[PDB]
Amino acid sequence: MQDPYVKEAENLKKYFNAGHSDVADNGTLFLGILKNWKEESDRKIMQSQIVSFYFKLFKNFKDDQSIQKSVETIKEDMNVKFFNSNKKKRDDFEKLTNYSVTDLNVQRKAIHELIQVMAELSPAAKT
């Protein structure tokens, strides 16, 4: 029977009224892009931005009660699927997604750790 989340996904789908002809207009946001990449690493350099997006989305909708059960339900499953049930991973990810790119101190701290960040961007052979 369908994975717990599809139910809730389609439920949300109604709420947003996403199942109407028009939605089909203008290419596709994710689906296609995500189709150009099969090497897992790459699939992850994109899925990351796609999860952070659904993350903002559901956030700007917590103030709403009518779809809450659906939105939490989808979320857990996303955790179990993308963050492979790894509590750290989620938590690290979260942290990174919430950094005031305008907090005048956050931009110094980051400009500081740039060179170091860049020197581990590429994949290693001996880790």
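Just count from 1 along the sequence shown to find any residue number.
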For the stretches 114-122 and 18-26, which has the higher mean C-alpha B-factor as given in the deposited record? 18-26
Higher of the two mean Cα B-factors (38-46, 83-91; per PDB record) comes from 83-91
According to the Cα B-factor stored in this entry, which of the following is highest: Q65, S52, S100, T73? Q65
Position of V106 among the chain's modelled residues by C-alpha B-factor, lowest, middle or highest third: lowest
